[PDB]
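The structure appears right after this line, and notes come after that.
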Amino acid sequence: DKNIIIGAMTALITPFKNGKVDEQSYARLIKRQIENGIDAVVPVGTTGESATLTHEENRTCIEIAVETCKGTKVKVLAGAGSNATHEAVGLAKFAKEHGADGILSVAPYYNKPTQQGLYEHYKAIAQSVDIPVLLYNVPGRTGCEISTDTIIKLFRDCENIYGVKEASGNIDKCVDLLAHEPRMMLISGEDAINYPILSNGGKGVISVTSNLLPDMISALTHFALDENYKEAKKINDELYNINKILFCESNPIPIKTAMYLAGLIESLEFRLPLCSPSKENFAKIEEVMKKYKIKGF
Amino acid sequence: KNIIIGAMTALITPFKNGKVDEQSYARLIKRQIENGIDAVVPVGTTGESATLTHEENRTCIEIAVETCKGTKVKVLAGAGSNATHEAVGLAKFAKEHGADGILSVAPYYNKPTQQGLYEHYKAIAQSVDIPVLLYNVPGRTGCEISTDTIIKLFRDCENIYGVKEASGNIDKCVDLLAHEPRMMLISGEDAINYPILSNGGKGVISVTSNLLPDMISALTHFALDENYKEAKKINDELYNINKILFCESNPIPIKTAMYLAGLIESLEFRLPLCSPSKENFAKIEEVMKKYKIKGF
Ligand SMILES: [Mg+2]
Ligand SMILES: [Mg+2]
Ligand SMILES: [Mg+2]
Ligand SMILES: [Mg+2]
Ligand SMILES: [Mg+2]
């Protein structure tokens, strides 16, 4: 029916060098994701520090992702959202112009639209492009919730809206969504509960942990999609300690720390207001990493 | 320190035919000045900062500065961002265009750590020489500026003189002023204006004052003179309107009330904000009839 983008996906960190996007590191990281079974990559989402990138840096990250996935089956689901509808429409059109296969569009943050407003927000975005649109609910960061009813109405009313990324630690809501609209693509945005979401019929993940451990997240998701739930849970359980420690400080502070500790990025750099973890949490991230096998390039 | 305190208004931004109604905007500010308000906050949360262009942000601050000249009324410009580089540029822009100080909201959405918030605000304060009021509203931003961070920033940065609190947490208000009694605690929560003032807060940055500027100004002034019996009377009388103004997300109710009072021409928002439900529209209309609303 609808065009979809599902499976194992990575919310890419954006590496910085001397305060600039390391464009070589970025392309190299994406290649490493492709080679470890990932099905799609998400440039400039939350994990990519979308908030602190200039518009040209946003274009650059998206274009590099498109260019690096050419010749592969891996799709580019571009972070393209904003708490201003006029801007979100513009960011959607631009992501499409630069070759993105679809867009991930975060619910408006800070200004707390009502459900009616969220509906009109996403309807305007979806009308402005002809590529798939994945809603993105993360109430702990936005201060609002796209309700089940709103999500289901948007899925049914707008042809290119095909599912939602849930980062709301609410398995009840995941049941609610797929019990009333089994045709939508529920996507886990919370690594520690990837398996519970997939086993209730979710069709993919947009992962933080896959930045560090893409082969494990790929295998988990693919097992689950193959209905080999036993093997998916085994990996989900193994990943629990790292899944949780990657949120000991606000994402992406721990994941960038882990990537640096693993030698996968050259510098532990953020853009303010993000900064390096405390010494104690730095030490905890390094401790948890010890029992995982981290792929190189 | 240099401070901006007293009774202050988070100005709504009126729209007409999709554009900032610039004449309405100046007229609304004049009405605030004429009803005892001590400062105006253009382009904060209540003014829908998130959906204004950089040019409209500029126009709004410039109209505020120009309308307040030759009066005591100060311009405490909304100027914050979840990107530190952009918050610094917004702070510089506000100063260079004549604002008396800035209100800078805690970074929303990307949830910086307390170290991150310290460095964020330290960067902003070092960029201008005008007063900076922090703004804590965890229900909208997803983060909380802790008491220790607020106190550290106040003691380490000359321009930082207090915090607008919109967190429903009177324990924290006590914590702040018991450990750092020199800061200016500013109520960002109309319903508890008097409790914050009576614990030593020195002003309000009000939503309700858009509609009832004389009442909020009296409340504040009674309280600052330690006429607490009178300030509590107004706070109690205002509770019903203070609460109904958040039956939907601010500023959807206050704009609806201003429109119903004939104070703005059109009930227009920028998406993702929009008109209230029919029921909430009716409820706003009913609560307003208990209050005397000053015209122009
Ligand atoms: Mg963003
Ligand atoms: Mg914006
Ligand atoms: Mg007196
Ligand atoms: Mg007395
Ligand atoms: Mg009352």
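If you're wondering about the labels, chains in the structure tokens are A, B, ... by order shown, residues count from 1 in each chain, ligands from 1 in order shown.
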
Q: Specify as number ranges by chain all residues of chain A found within 10 Å of chain B, counting only C-alpha atoms.
A: A: 46-47, 49-54, 82-87, 107-122, 124, 138-144, 249-253, 271-278

Q: List every residue of region 41-181 of chain A that DSSP, applied to the backbone of this structure, assigns to alpha helix (DSSP H), and report them as a PyMOL selection string.
A: chain A and resi 55-69+85-97+115-127+139-142+148-157+171-180

Would you mind exporting the chosen residues as a short mmCIF file (atom, residue, chain, number, x, y, z; two decimals), in the first residue's frame, restricted to C-alpha atoms?
```
data_model
loop_
_atom_site.label_atom_id
_atom_site.label_comp_id
_atom_site.auth_asym_id
_atom_site.auth_seq_id
_atom_site.Cartn_x
_atom_site.Cartn_y
_atom_site.Cartn_z
CA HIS A 55 21.54 24.85 7.52
CA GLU A 56 24.49 24.24 5.19
CA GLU A 57 25.96 21.69 7.62
CA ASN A 58 22.55 20.02 7.60
CA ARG A 59 22.60 19.88 3.78
CA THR A 60 26.16 18.53 3.89
CA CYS A 61 25.36 15.71 6.30
CA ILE A 62 22.31 14.70 4.26
CA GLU A 63 24.16 14.85 0.91
CA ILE A 64 27.06 12.76 2.21
CA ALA A 65 24.60 10.15 3.48
CA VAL A 66 22.88 10.02 0.08
CA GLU A 67 26.19 9.82 -1.77
CA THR A 68 27.56 7.09 0.51
CA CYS A 69 24.45 4.87 0.15
CA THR A 85 5.48 24.22 10.64
CA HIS A 86 6.61 26.58 7.87
CA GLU A 87 10.22 25.60 8.57
CA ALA A 88 9.45 21.86 8.83
CA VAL A 89 7.81 22.05 5.39
CA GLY A 90 10.91 23.77 4.03
CA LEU A 91 13.25 21.23 5.65
CA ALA A 92 11.17 18.38 4.21
CA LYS A 93 11.26 19.81 0.68
CA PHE A 94 15.00 20.37 0.98
CA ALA A 95 15.73 16.86 2.26
CA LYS A 96 13.85 15.50 -0.75
CA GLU A 97 15.66 17.85 -3.17
CA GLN A 115 -3.41 17.44 19.09
CA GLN A 116 -5.30 19.48 16.50
CA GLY A 117 -2.14 21.51 15.91
CA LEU A 118 0.07 18.43 15.64
CA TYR A 119 -2.35 17.04 13.06
CA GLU A 120 -2.20 20.21 10.96
CA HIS A 121 1.58 20.36 11.41
CA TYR A 122 2.18 16.90 9.98
CA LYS A 123 -0.54 17.17 7.33
CA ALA A 124 1.22 20.27 5.94
CA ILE A 125 4.58 18.49 5.97
CA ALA A 126 3.18 15.38 4.30
CA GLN A 127 1.39 17.40 1.58
CA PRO A 139 7.87 13.51 24.93
CA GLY A 140 10.75 13.71 27.40
CA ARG A 141 12.54 16.00 24.93
CA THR A 142 9.66 17.86 23.24
CA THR A 148 -2.38 7.32 19.47
CA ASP A 149 -5.52 8.81 17.92
CA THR A 150 -3.58 11.61 16.23
CA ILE A 151 -0.97 9.18 14.89
CA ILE A 152 -3.64 6.84 13.53
CA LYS A 153 -5.58 9.69 11.89
CA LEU A 154 -2.41 11.01 10.24
CA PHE A 155 -1.49 7.55 8.98
CA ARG A 156 -4.98 7.08 7.51
CA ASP A 157 -5.45 10.62 6.11
CA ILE A 171 4.79 -0.39 25.81
CA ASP A 172 1.07 0.12 26.55
CA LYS A 173 0.99 2.82 23.85
CA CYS A 174 2.78 0.46 21.43
CA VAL A 175 0.04 -2.12 22.00
CA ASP A 176 -2.59 0.61 21.64
CA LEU A 177 -1.14 1.75 18.31
CA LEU A 178 -0.85 -1.62 16.57
CA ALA A 179 -4.05 -3.03 18.08
CA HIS A 180 -6.11 -0.24 16.46
#
```

Q: Kindly work out which residues sit at most 10 Å from ligand 4, using only C-alpha atoms and all ligand atoms, and give the list as a PyMOL selection string.
A: chain B and resi 222-223+225-230

Can you work out which residues are within 10 Å of ligand 5, considering only C-alpha atoms and all ligand atoms, and then hand them over as a PDB file with N, CA and C atoms, in the first residue's frame?
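New file part-v3.pdb:
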```pdb
ATOM      1  N   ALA B 191      -0.451  31.827  38.555  1.00  0.00           N
ATOM      2  CA  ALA B 191      -1.271  31.395  39.693  1.00  0.00           C
ATOM      3  C   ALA B 191      -0.524  31.504  41.023  1.00  0.00           C
ATOM      4  N   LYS B 233      -5.004  39.168  48.101  1.00  0.00           N
ATOM      5  CA  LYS B 233      -6.390  39.326  47.670  1.00  0.00           C
ATOM      6  C   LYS B 233      -6.501  39.291  46.155  1.00  0.00           C
ATOM      7  N   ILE B 234      -5.628  40.034  45.471  1.00  0.00           N
ATOM      8  CA  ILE B 234      -5.640  40.033  44.012  1.00  0.00           C
ATOM      9  C   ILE B 234      -5.210  38.668  43.471  1.00  0.00           C
ATOM     10  N   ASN B 235      -4.178  38.064  44.066  1.00  0.00           N
ATOM     11  CA  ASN B 235      -3.765  36.731  43.623  1.00  0.00           C
ATOM     12  C   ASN B 235      -4.923  35.743  43.725  1.00  0.00           C
ATOM     13  N   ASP B 236      -5.669  35.792  44.828  1.00  0.00           N
ATOM     14  CA  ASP B 236      -6.788  34.878  44.997  1.00  0.00           C
ATOM     15  C   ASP B 236      -7.891  35.165  43.994  1.00  0.00           C
ATOM     16  N   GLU B 237      -8.239  36.443  43.812  1.00  0.00           N
ATOM     17  CA  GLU B 237      -9.254  36.802  42.822  1.00  0.00           C
ATOM     18  C   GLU B 237      -8.837  36.419  41.398  1.00  0.00           C
ATOM     19  N   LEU B 238      -7.534  36.433  41.102  1.00  0.00           N
ATOM     20  CA  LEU B 238      -7.051  36.096  39.763  1.00  0.00           C
ATOM     21  C   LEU B 238      -6.928  34.593  39.507  1.00  0.00           C
ATOM     22  N   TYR B 239      -7.117  33.739  40.513  1.00  0.00           N
ATOM     23  CA  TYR B 239      -6.795  32.327  40.317  1.00  0.00           C
ATOM     24  C   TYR B 239      -7.585  31.714  39.161  1.00  0.00           C
ATOM     25  N   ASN B 240      -8.891  32.000  39.069  1.00  0.00           N
ATOM     26  CA  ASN B 240      -9.706  31.379  38.023  1.00  0.00           C
ATOM     27  C   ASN B 240      -9.230  31.772  36.627  1.00  0.00           C
ATOM     28  N   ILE B 241      -8.924  33.049  36.404  1.00  0.00           N
ATOM     29  CA  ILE B 241      -8.446  33.428  35.077  1.00  0.00           C
ATOM     30  C   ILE B 241      -7.014  32.930  34.862  1.00  0.00           C
ATOM     31  N   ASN B 242      -6.162  33.031  35.892  1.00  0.00           N
ATOM     32  CA  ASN B 242      -4.802  32.509  35.798  1.00  0.00           C
ATOM     33  C   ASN B 242      -4.806  31.044  35.362  1.00  0.00           C
ATOM     34  N   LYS B 243      -5.777  30.248  35.849  1.00  0.00           N
ATOM     35  CA  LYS B 243      -5.800  28.825  35.507  1.00  0.00           C
ATOM     36  C   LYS B 243      -6.409  28.572  34.139  1.00  0.00           C
ATOM     37  N   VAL B 287     -15.051  32.716  31.912  1.00  0.00           N
ATOM     38  CA  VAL B 287     -14.230  33.150  33.038  1.00  0.00           C
ATOM     39  C   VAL B 287     -13.932  34.641  32.943  1.00  0.00           C
ATOM     40  N   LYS B 290     -15.911  37.709  34.770  1.00  0.00           N
ATOM     41  CA  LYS B 290     -15.712  38.015  36.177  1.00  0.00           C
ATOM     42  C   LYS B 290     -14.737  39.170  36.383  1.00  0.00           C
ATOM     43  N   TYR B 291     -14.095  39.658  35.326  1.00  0.00           N
ATOM     44  CA  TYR B 291     -12.995  40.600  35.470  1.00  0.00           C
ATOM     45  C   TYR B 291     -13.259  41.877  34.677  1.00  0.00           C
TER      46      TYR B 291
END
```

Q. What are the DSSP strand (DSSP E or B) residues of region 84-196 of chain B, as a list in words?
A. residues 101, 102, 103, 104, 105, 132, 133, 134, 135, 136, 160, 161, 162, 163, 164, 165, 184, 185, 186 and 187 of chain B

Q: Tell me which of A:162, A:43, A:169, A:217 sits closest to ligand 1, counting only C-alpha atoms and all ligand atoms.
A: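 The answer is A:43, which sits nearest to ligand 1.
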
Q) Do you know which residues are at most 7 Å from residue 26 (chain B) counting only C-alpha atoms, after dropping those on the same chain fewer than 3 positions away, and could you put them as an MDAnalysis selection string? A) chainID B and resid 22:23 29:30 63 67
